[PDB]
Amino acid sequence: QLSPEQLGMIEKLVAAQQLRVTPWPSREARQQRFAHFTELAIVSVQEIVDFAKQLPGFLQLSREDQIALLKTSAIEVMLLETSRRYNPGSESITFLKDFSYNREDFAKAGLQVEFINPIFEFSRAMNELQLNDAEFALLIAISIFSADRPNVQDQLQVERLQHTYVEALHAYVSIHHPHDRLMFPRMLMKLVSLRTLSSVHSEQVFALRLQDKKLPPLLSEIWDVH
């Protein structure tokens, strides 16, 4: 049963989740579309950092572990935020309540089809689950607290924190879907798919290196190989 402490923790995460971006438009148009997408990605990272700081236990971890966790979970959290903004009718994603983009628009922004198709296929799959704010906040917290990320020191604490979020999601889901015991493992199983997408993303970052398309400083910091 959902305890008062889990209830309060989830609600605070939901509340915690509740600007000159280069506008969407030749080498000039190509550069502008890419800059639009990298700038939306920069806004997304900033929001993830702000939300991560509000997660019980996150700021108690060493700053080094905070960086290890955010560095590798950023793309998974960005893809979950993308899947939340999916429109099944138009097969588009709406960023910042106004910027709506489909698969062709992603290609015009410089993304390769090997990355676009899995983003849209994951988004379609996520939408079928129909997760609410609470479930998205909890899956994001579980994704951030993964003890198996590279360079994590306090693996035991990160796993202990993850389990608190998993338990709260289980209890929360038992109220939201009281007659469907498969809804809880189905949401966790989406974290498996996210790891594959993170790998497809690393291939996309590599492809940008070859075509000399440079990522802006923050994105190059968390994603490029130095």
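So that the term is clear: the rigid core is the largest set of C-alpha atoms that superpose within 1.5 Å between two forms. Counting begins at 1, following the sequence as shown.
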The stretch that moves more in 5 other deposited structures of this protein, judged by RMS C-alpha distance from this form after core superposition, 28-36 or 157-165, is 28-36
Stretch with greater C-alpha deviation in 5 other deposited structures of this protein, 84-92 versus 98-106 (rigid core superposition): 98-106
For residue 215, record whether it is unmodelled in at least a third of the other compared entries of this protein. no
Establish whether the other compared PDB entries of this protein leave residue 12 unmodelled at least a third of the time. no
Counting only residues from the deposited sequence, how many are left out of the model between residue 18 and residue 19 (none, 1 to 3, 4 to 9, 10 or more)? 10 or more
Length class of the unmodelled deposited segment, which would lie between residue 25 and residue 26: 4 to 9
Would you determine, from the values in the PDB entry, which of 30-38 and 186-194 has the greater average C-alpha temperature factor? 30-38
Comparing 59-67 with 40-48, the one whose average Cα B-factor in the PDB entry is higher: 40-48
Tell me, please, which of 138, 80, 144, 96 has the highest C-alpha B factor according to the deposited entry? 96
Specify which of 134, 74, 119, 107 carries the largest Cα B factor in the deposited PDB entry. 107
Classify residue 14 as lowest, middle or highest third according to the C-alpha B-factor given in the PDB entry, relative to its own chain. middle
Residue 3 CA temperature factor, ranked by third within the chain: lowest
Name the third of the chain's ranked CA B-factors that contains residue 53, choosing lowest, middle or highest. lowest
Rank-wise, by C-alpha B-factor, drop residue 163 into the lowest, middle or highest third of its chain. lowest
